[PDB]
file data_7.cif (mmCIF, C-alpha atoms)
data_my_file
loop_
_atom_site.label_atom_id
_atom_site.label_comp_id
_atom_site.auth_asym_id
_atom_site.auth_seq_id
_atom_site.Cartn_x
_atom_site.Cartn_y
_atom_site.Cartn_z
CA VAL A 1 -55.60 77.06 55.27
CA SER A 2 -52.95 79.76 55.58
CA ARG A 3 -50.97 81.99 53.19
CA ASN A 4 -53.69 81.63 50.53
CA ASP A 5 -55.54 84.60 49.07
CA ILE A 6 -58.76 83.85 50.93
CA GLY A 7 -61.08 86.80 51.40
CA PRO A 8 -62.57 89.22 51.98
CA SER A 9 -64.69 87.42 54.57
CA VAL A 10 -65.13 83.77 55.56
CA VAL A 11 -68.75 82.78 56.24
CA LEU A 12 -69.13 79.25 57.61
CA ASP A 13 -72.57 77.87 56.85
CA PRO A 14 -74.67 77.36 60.03
CA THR A 15 -76.08 74.02 58.81
CA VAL A 16 -72.60 72.43 59.15
CA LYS A 17 -71.63 71.20 62.63
CA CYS A 18 -67.97 70.21 63.05
CA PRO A 19 -67.40 69.30 66.73
CA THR A 20 -64.02 67.61 66.10
CA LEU A 21 -62.05 70.60 64.75
CA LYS A 22 -59.46 71.31 67.46
CA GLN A 23 -57.33 73.74 65.39
CA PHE A 24 -57.92 76.32 62.68
CA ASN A 25 -55.14 78.29 60.97
CA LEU A 26 -56.39 81.07 58.67
CA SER A 27 -53.19 83.09 58.86
CA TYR A 28 -51.73 85.39 56.18
CA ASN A 29 -54.92 85.51 54.10
CA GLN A 30 -56.83 88.67 53.12
CA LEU A 31 -59.59 88.32 55.72
CA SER A 32 -61.21 91.61 56.74
CA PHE A 33 -63.33 90.20 59.60
CA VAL A 34 -63.24 87.36 62.08
CA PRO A 35 -64.73 84.20 60.50
CA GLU A 36 -68.44 84.50 61.15
CA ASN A 37 -70.63 81.72 62.62
CA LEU A 38 -67.51 80.24 64.24
CA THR A 39 -69.33 79.41 67.49
CA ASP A 40 -72.22 77.38 66.07
CA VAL A 41 -70.07 75.51 63.55
CA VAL A 42 -66.61 74.99 65.08
CA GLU A 43 -67.89 74.29 68.58
CA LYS A 44 -64.79 72.95 70.36
CA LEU A 45 -61.93 74.99 68.92
CA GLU A 46 -58.55 75.18 70.67
CA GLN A 47 -56.21 77.33 68.54
CA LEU A 48 -57.68 80.10 66.36
CA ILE A 49 -54.78 81.67 64.45
CA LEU A 50 -55.70 84.71 62.34
CA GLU A 51 -52.25 86.29 62.06
CA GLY A 52 -51.22 88.51 59.16
CA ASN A 53 -54.70 89.23 57.78
CA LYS A 54 -56.10 92.77 57.50
CA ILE A 55 -58.82 92.71 60.16
CA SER A 56 -60.38 96.13 60.72
CA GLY A 57 -61.77 95.81 64.24
CA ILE A 58 -63.73 93.23 66.21
CA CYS A 59 -67.42 93.79 66.92
CA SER A 60 -68.91 90.32 67.54
CA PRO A 61 -67.94 88.52 70.77
CA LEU A 62 -66.41 85.07 70.44
CA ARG A 63 -68.31 82.37 72.32
CA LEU A 64 -65.85 79.45 72.01
CA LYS A 65 -66.16 77.82 75.44
CA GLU A 66 -63.02 75.75 74.77
CA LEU A 67 -60.58 78.24 73.19
CA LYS A 68 -57.03 78.00 74.48
CA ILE A 69 -54.76 80.00 72.13
CA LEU A 70 -55.84 83.09 70.18
CA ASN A 71 -53.46 84.84 67.77
CA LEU A 72 -54.39 88.09 65.98
CA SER A 73 -50.86 89.40 65.39
CA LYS A 74 -49.94 91.70 62.48
CA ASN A 75 -53.45 93.01 61.83
CA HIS A 76 -55.16 96.41 61.58
CA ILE A 77 -57.14 96.23 64.84
CA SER A 78 -57.33 99.48 66.79
CA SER A 79 -59.79 98.70 69.61
CA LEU A 80 -61.23 95.43 70.90
CA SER A 81 -64.87 95.29 71.96
CA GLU A 82 -65.42 95.56 75.70
CA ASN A 83 -66.97 92.06 75.97
CA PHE A 84 -65.44 90.22 73.01
CA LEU A 85 -63.50 87.65 75.07
CA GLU A 86 -65.80 87.38 78.11
CA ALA A 87 -67.54 84.22 76.85
CA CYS A 88 -64.27 82.25 76.41
CA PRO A 89 -63.26 81.27 79.97
CA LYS A 90 -60.32 78.99 79.07
CA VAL A 91 -58.07 81.39 77.12
CA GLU A 92 -54.42 81.10 78.11
CA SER A 93 -52.35 82.59 75.26
CA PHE A 94 -53.40 85.76 73.44
CA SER A 95 -51.11 87.42 70.89
CA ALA A 96 -52.09 90.79 69.40
CA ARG A 97 -48.77 92.21 68.19
CA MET A 98 -48.34 94.88 65.48
CA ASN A 99 -51.83 96.38 65.77
CA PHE A 100 -53.07 99.88 66.65
CA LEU A 101 -54.43 98.75 70.03
CA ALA A 102 -54.82 101.44 72.69
CA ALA A 103 -57.10 99.91 75.37
CA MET A 104 -57.46 96.33 76.55
CA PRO A 105 -60.96 95.15 77.56
CA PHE A 106 -61.99 92.68 80.25
CA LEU A 107 -60.06 89.42 79.90
CA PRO A 108 -60.65 85.95 81.38
CA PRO A 109 -58.66 85.26 84.57
CA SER A 110 -57.12 82.08 83.12
CA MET A 111 -54.91 84.00 80.66
CA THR A 112 -51.33 82.89 81.30
CA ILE A 113 -49.34 84.24 78.33
CA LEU A 114 -50.13 87.67 76.91
CA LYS A 115 -47.84 89.04 74.19
CA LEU A 116 -48.98 92.52 73.14
CA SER A 117 -45.95 94.12 71.48
CA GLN A 118 -45.32 96.93 68.98
CA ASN A 119 -48.95 98.06 69.30
CA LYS A 120 -49.29 101.65 70.58
CA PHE A 121 -49.87 101.34 74.35
CA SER A 122 -49.19 104.66 76.09
CA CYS A 123 -49.46 102.95 79.49
CA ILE A 124 -49.96 99.49 80.99
CA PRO A 125 -53.73 98.85 81.11
CA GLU A 126 -55.48 98.38 84.43
CA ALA A 127 -57.25 95.27 83.11
CA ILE A 128 -53.95 93.36 82.81
CA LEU A 129 -52.53 94.20 86.27
CA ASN A 130 -55.37 92.18 87.85
CA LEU A 131 -54.77 88.90 86.00
CA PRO A 132 -54.56 86.21 88.72
CA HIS A 133 -52.05 83.96 86.89
CA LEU A 134 -50.00 85.96 84.37
CA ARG A 135 -46.79 84.00 83.77
CA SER A 136 -45.35 85.82 80.75
CA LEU A 137 -45.91 89.33 79.43
CA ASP A 138 -44.33 91.14 76.47
CA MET A 139 -45.02 94.81 75.68
CA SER A 140 -41.93 95.72 73.67
CA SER A 141 -41.69 98.72 71.30
CA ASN A 142 -44.67 100.52 72.82
CA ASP A 143 -44.44 103.96 74.45
CA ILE A 144 -44.64 103.01 78.13
CA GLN A 145 -43.95 105.78 80.64
CA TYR A 146 -44.04 104.07 84.05
CA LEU A 147 -44.41 100.47 84.98
CA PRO A 148 -45.94 99.88 88.42
CA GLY A 149 -44.05 98.30 91.29
CA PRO A 150 -44.51 94.68 92.37
CA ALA A 151 -47.26 95.72 94.82
CA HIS A 152 -49.71 96.73 92.07
CA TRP A 153 -49.57 93.44 90.15
CA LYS A 154 -52.08 90.85 91.31
CA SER A 155 -50.31 87.80 89.87
CA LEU A 156 -47.80 85.63 91.73
CA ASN A 157 -46.23 83.50 88.95
CA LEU A 158 -44.68 86.38 86.97
CA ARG A 159 -41.82 84.62 85.18
CA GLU A 160 -40.91 86.71 82.10
CA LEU A 161 -41.30 90.45 81.54
CA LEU A 162 -40.39 92.13 78.24
CA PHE A 163 -40.46 95.93 78.04
CA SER A 164 -37.63 96.85 75.66
CA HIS A 165 -37.87 100.01 73.54
CA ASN A 166 -40.07 101.96 75.95
CA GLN A 167 -39.86 105.44 77.46
CA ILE A 168 -39.28 104.14 80.98
CA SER A 169 -37.42 106.40 83.42
CA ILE A 170 -37.45 104.93 86.94
CA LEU A 171 -37.82 101.20 87.53
CA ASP A 172 -39.72 101.02 90.82
CA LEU A 173 -38.93 98.17 93.23
CA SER A 174 -39.12 99.84 96.65
CA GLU A 175 -42.29 98.26 98.07
CA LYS A 176 -42.72 94.47 98.33
CA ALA A 177 -40.03 93.53 95.82
CA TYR A 178 -40.24 89.89 96.98
CA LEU A 179 -43.48 89.35 95.03
CA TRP A 180 -41.39 89.12 91.83
CA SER A 181 -39.15 86.40 93.33
CA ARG A 182 -40.04 84.01 90.47
CA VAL A 183 -39.19 86.35 87.57
CA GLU A 184 -36.78 84.60 85.20
CA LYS A 185 -36.36 87.27 82.49
CA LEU A 186 -36.58 91.06 82.79
CA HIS A 187 -35.74 93.12 79.70
CA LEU A 188 -35.56 96.92 79.86
CA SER A 189 -33.19 97.71 76.98
CA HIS A 190 -33.48 100.93 74.96
CA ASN A 191 -35.17 102.91 77.74
CA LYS A 192 -34.31 106.04 79.74
CA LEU A 193 -33.32 104.13 82.89
CA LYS A 194 -31.28 106.22 85.33
CA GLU A 195 -30.20 103.87 88.13
CA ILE A 196 -30.82 100.20 88.90
CA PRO A 197 -32.47 100.12 92.35
CA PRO A 198 -30.43 98.64 95.21
CA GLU A 199 -33.31 96.25 95.97
CA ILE A 200 -32.75 94.41 92.65
CA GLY A 201 -30.85 91.72 94.60
CA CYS A 202 -34.14 90.49 96.06
CA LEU A 203 -35.18 89.00 92.69
CA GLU A 204 -33.08 85.93 93.53
CA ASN A 205 -34.22 83.88 90.49
CA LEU A 206 -33.29 86.14 87.56
CA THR A 207 -31.63 84.35 84.65
CA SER A 208 -31.42 87.29 82.22
CA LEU A 209 -31.43 91.05 82.73
CA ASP A 210 -31.11 93.25 79.63
CA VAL A 211 -30.45 96.85 80.66
CA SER A 212 -28.37 97.52 77.55
CA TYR A 213 -28.55 100.71 75.44
CA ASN A 214 -29.33 102.83 78.52
CA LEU A 215 -26.97 105.78 78.04
CA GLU A 216 -28.19 107.59 81.18
CA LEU A 217 -27.38 104.48 83.25
CA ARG A 218 -24.04 105.00 85.01
CA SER A 219 -23.11 102.23 87.44
CA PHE A 220 -24.43 98.94 88.80
CA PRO A 221 -25.34 98.70 92.50
CA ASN A 222 -23.31 96.30 94.62
CA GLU A 223 -26.41 94.38 95.81
CA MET A 224 -26.86 92.94 92.29
CA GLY A 225 -24.12 90.41 93.16
CA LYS A 226 -26.61 88.07 94.86
CA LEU A 227 -28.35 87.13 91.57
CA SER A 228 -26.28 83.95 91.42
CA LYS A 229 -28.52 82.36 88.76
CA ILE A 230 -27.94 85.07 86.13
CA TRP A 231 -26.22 83.79 82.99
CA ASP A 232 -26.97 86.63 80.54
CA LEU A 233 -26.19 90.32 81.10
CA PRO A 234 -25.81 92.26 77.84
CA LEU A 235 -23.68 95.40 78.12
CA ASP A 236 -23.70 96.71 74.53
CA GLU A 237 -23.43 100.51 74.17
CA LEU A 238 -23.40 100.86 77.97
CA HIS A 239 -21.01 103.63 79.04
CA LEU A 240 -20.38 102.34 82.57
CA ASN A 241 -18.70 104.39 85.28
CA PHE A 242 -17.60 101.28 87.18
CA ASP A 243 -14.76 99.79 85.14
CA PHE A 244 -15.11 96.14 84.13
CA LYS A 245 -12.74 96.38 81.15
CA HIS A 246 -10.43 94.16 83.20
CA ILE A 247 -13.27 91.68 83.81
CA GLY A 248 -14.54 91.49 80.22
CA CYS A 249 -18.03 90.47 79.12
CA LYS A 250 -18.73 87.21 80.99
CA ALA A 251 -21.91 87.74 83.02
CA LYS A 252 -20.99 85.30 85.80
CA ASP A 253 -17.72 87.19 86.31
CA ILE A 254 -19.60 90.50 86.71
CA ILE A 255 -21.90 88.93 89.32
CA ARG A 256 -19.04 87.32 91.27
CA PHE A 257 -17.09 90.60 91.20
CA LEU A 258 -20.07 92.48 92.68
CA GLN A 259 -20.53 89.65 95.20
CA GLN A 260 -17.01 90.17 96.55
CA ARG A 261 -17.56 93.94 96.75
CA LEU A 262 -20.56 93.22 99.00
CA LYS A 263 -18.28 91.98 101.79
CA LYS A 264 -15.85 94.91 101.72
CA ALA A 265 -14.73 97.65 99.33
CA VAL A 266 -11.56 99.73 99.75
#
call {"tool": "encode", "arguments": {"input": "data_7.cif", "output": "structure tokens"}}
result
Amino acid sequence: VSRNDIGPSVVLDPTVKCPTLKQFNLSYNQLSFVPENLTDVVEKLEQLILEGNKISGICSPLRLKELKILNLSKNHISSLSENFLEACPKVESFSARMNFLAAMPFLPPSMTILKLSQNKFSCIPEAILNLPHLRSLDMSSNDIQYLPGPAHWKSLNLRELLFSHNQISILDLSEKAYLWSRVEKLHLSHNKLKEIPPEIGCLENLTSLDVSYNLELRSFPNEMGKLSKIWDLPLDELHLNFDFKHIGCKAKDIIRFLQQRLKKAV
């Protein structure tokens, strides 16, 4: 039941017990709360999608022991309660885009995907750097000042990082850059990046690297030429010192060119 004008609050009657409902889509309605009595009634819920509604701010903790995908994107939330997700130990995906979120509370350690974009984070929360298995992460269009180096992140299966449109100055990869060896997408477009670190060649499994629209960026380091698996390397509005006007725009050509300059440069 989505895109209807349901509202302003859904109250499921406690006398009804529906243990077979393994999905619930209440998106794009005019809800102003989470659906109440959702734990006693919809016992085994998998995907609770409440996108697009105008939800003010959560106060009652979900208790769905079997939740797997939550989705509260495009809402009016500004702060999530400090124990609102503690009683759902199976959460993997959690989307909270386009809110006014500023702090992230305690999360279950099973969370694999976590897409918090466009939603006012001044800095990466400390509660998300300790996620044991955090495959994907998207925090685009926030105001992020400094992302920590690969030593601070607890995860080991980091496979996609999105941080475009942030106020990031210095990408740090000095200490233990091999921990990110599984990263398959790293976006840093529309930032204040100054220089790609020479240790970037250690991320031997990159398939895309978007450092476009970085005016302060000047030249690519030679060591980048070892990222043999890269197939996308956008260069739009990138005033490069090193001339590749003879090479063109093919990403594989850029990588091979840098790879030859590794051996010798005259």
call {"tool": "resolve_selection", "arguments": {"input": "data_7.cif", "expression": "the PyMOL selection byres ((chain A and resi 242) around 8)", "output": "ChimeraX atom specification"}}
result
/A:218-220,240-241,243-244
call {"tool": "resolve_selection", "arguments": {"input": "data_7.cif", "expression": "the PyMOL selection byres ((chain A and resi 237) around 12)", "output": "MDAnalysis selection string"}}
result
chainID A and resid 189:190 210:218 234:236 238:240
call {"tool": "atom_distance", "arguments": {"input": "data_7.cif", "atom1": "CA of residue 171 (chain A)", "atom2": "CA of residue 144 (chain A)"}}
result
11.8 Å
call {"tool": "residues_around", "arguments": {"input": "data_7.cif", "residues": "residue 232 (chain A)", "least_positions_apart": "2", "cutoff": "8 Å", "atoms": "only C-alpha atoms", "output": "PyMOL selection string"}}
result
chain A and resi 207-210+230+234+251
call {"tool": "resolve_selection", "arguments": {"input": "data_7.cif", "expression": "the PyMOL selection byres ((chain A and resi 36-51) around 10)", "output": "MDAnalysis selection string"}}
result
chainID A and resid 2:3 9:29 31 33:35 52:55 60:75 90:91 93:97
call {"tool": "atom_distance", "arguments": {"input": "data_7.cif", "atom1": "CA of residue 122 (chain A)", "atom2": "CA of residue 203 (chain A)"}}
result
26.8 Å
call {"tool": "residues_around", "arguments": {"input": "data_7.cif", "residues": "region 199-202 of chain A", "least_positions_apart": "3", "cutoff": "9 Å", "atoms": "all atoms listed in the file", "output": "mmCIF file with C-alpha atoms, keeping the file's coordinate frame"}}
result
data_model
loop_
_atom_site.group_PDB
_atom_site.id
_atom_site.type_symbol
_atom_site.label_atom_id
_atom_site.label_comp_id
_atom_site.auth_asym_id
_atom_site.auth_seq_id
_atom_site.Cartn_x
_atom_site.Cartn_y
_atom_site.Cartn_z
ATOM 1 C CA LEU A 173 -38.930 98.170 93.230
ATOM 2 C CA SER A 174 -39.120 99.840 96.650
ATOM 3 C CA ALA A 177 -40.030 93.530 95.820
ATOM 4 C CA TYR A 178 -40.240 89.890 96.980
ATOM 5 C CA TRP A 180 -41.390 89.120 91.830
ATOM 6 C CA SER A 181 -39.150 86.400 93.330
ATOM 7 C CA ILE A 196 -30.820 100.200 88.900
ATOM 8 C CA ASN A 205 -34.220 83.880 90.490
ATOM 9 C CA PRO A 221 -25.340 98.700 92.500
ATOM 10 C CA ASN A 222 -23.310 96.300 94.620
ATOM 11 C CA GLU A 223 -26.410 94.380 95.810
ATOM 12 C CA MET A 224 -26.860 92.940 92.290
ATOM 13 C CA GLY A 225 -24.120 90.410 93.160
ATOM 14 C CA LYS A 226 -26.610 88.070 94.860
ATOM 15 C CA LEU A 227 -28.350 87.130 91.570
#
call {"tool": "atom_distance", "arguments": {"input": "data_7.cif", "atom1": "CA of residue 81 (chain A)", "atom2": "CA of residue 160 (chain A)"}}
result
27.4 Å
call {"tool": "closest_residue", "arguments": {"input": "data_7.cif", "among": "A:124, A:107, A:249, A:233", "to": "residue 143 (chain A)", "atoms": "only C-alpha atoms"}}
result
A:124
call {"tool": "residues_near_point", "arguments": {"input": "data_7.cif", "point": "(-42.7, 99.3, 68.9)", "cutoff": "7 Å", "atoms": "only C-alpha atoms", "output": "VMD selection string"}}
result
chain A and resid 117 to 119 140 to 142 165
call {"tool": "axis_aligned_box", "arguments": {"input": "data_7.cif", "around": "region 217-233 of chain A", "padding_each_side": "5 Å", "output": "lines of an AutoDock Vina configuration file"}}
result
center_x = -25.8
center_y = 93.7
center_z = 88.2
size_x = 15.4
size_y = 32.6
size_z = 25.3
call {"tool": "residues_around", "arguments": {"input": "data_7.cif", "residues": "residue 123 (chain A)", "least_positions_apart": "2", "cutoff": "8 Å", "atoms": "all atoms listed in the file", "output": "list in words"}}
result
residues 121, 125, 143, 144, 145, 146 and 147 of chain A
